[PDB]
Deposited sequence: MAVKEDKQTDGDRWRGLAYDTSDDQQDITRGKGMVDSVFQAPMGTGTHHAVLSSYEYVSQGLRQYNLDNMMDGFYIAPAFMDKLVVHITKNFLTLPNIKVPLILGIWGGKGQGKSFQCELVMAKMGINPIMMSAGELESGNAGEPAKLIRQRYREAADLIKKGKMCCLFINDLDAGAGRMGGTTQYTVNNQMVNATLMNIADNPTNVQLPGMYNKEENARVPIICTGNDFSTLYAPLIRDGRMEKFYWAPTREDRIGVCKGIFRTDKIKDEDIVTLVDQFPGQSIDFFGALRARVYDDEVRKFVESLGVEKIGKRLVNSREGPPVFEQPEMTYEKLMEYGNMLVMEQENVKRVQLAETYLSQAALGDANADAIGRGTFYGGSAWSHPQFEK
């Protein structure tokens, strides 16, 4: 089973299974089973990871105490904030986006050893910790062999990419058959590329609206009206338009690379 959709956005079944089971195991009393407190999700940037995490946690009705970079005493602060949401009978977990990093490893290690009592007097709630990153340094291996941290490698399949995109363009004109074709036309592109693609079409349509109205008339039409910020009408999103936008972003990706490579031919001055 497992219902893999939240607000029209698709969740990868295997991503969801690992995460839900992790959280569930952490909120049950098992016989003599070493339950990892931490779950490390890794793969190349731009894929689902943090976004998928947010959708699973939402589906379950969880408001997670989140962080990124962004001393190491803040981890204990956010941890206890989550442990307090549990005390008030509201399932919560600690979610750390994108992984000086020397103390955090220890801070995580001290929590993993004594999670029911983490201070910085009464004894607190156990909080599952969910971490997203790129490769996860050999720095994290002591938790891995102990069984305090479980490592999960996740890379989206063609169906995950298609699933996610249908959710991204759910509110838009486009047919699903066209969304599949667009995904197939850019197989070297991560999921955030399709999000960047949609964002640029909107950014261009707002420019057409601004150019057609005029700089001087924007203020009065947008803010003066006794109630609410106006709803912007969705642009006509054909396959060909999305395709031109897509190809344009690839050019921008390539030109940045070309420029960096071309600079090697000129002396440092």
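What the model leaves out of the deposited chain are the segments 1-65, 136-144, 174-182, 204-214, 364-391.
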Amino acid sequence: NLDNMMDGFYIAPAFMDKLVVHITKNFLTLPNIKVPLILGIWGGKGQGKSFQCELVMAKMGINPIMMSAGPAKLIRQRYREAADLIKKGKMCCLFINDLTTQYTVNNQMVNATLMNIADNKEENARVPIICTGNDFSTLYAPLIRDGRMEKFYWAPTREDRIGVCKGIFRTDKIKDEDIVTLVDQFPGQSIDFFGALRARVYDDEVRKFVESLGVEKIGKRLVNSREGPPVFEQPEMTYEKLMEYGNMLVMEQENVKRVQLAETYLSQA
From here on, numbers count along this sequence of modelled residues.
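According to the PDB record, 105-113 carries the higher mean C-alpha B-factor of the two stretches 105-113 and 183-191.
Per the PDB record, of the two stretches 194-202 and 89-97, 89-97 carries the greater mean B-factor over its C-alpha atoms. Based on the entry's C-alpha B-factors, the most elevated value among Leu37, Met60, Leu28, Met66 belongs to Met66. The top Cα temperature factor in the record, among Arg207, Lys220, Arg226, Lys241, falls on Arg226. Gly214: CA B factor lies in the lowest third for its chain, per the PDB record. In this PDB entry, the Cα temperature factor of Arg126 sits in the middle third of its chain's modelled residues. Among the modelled residues of its chain, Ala155 has a C-alpha B-factor that falls in the middle third according to the deposited record.
In the deposited entry, the Cα temperature factor of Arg161 sits in the bottom third of values across the chain's modelled residues.
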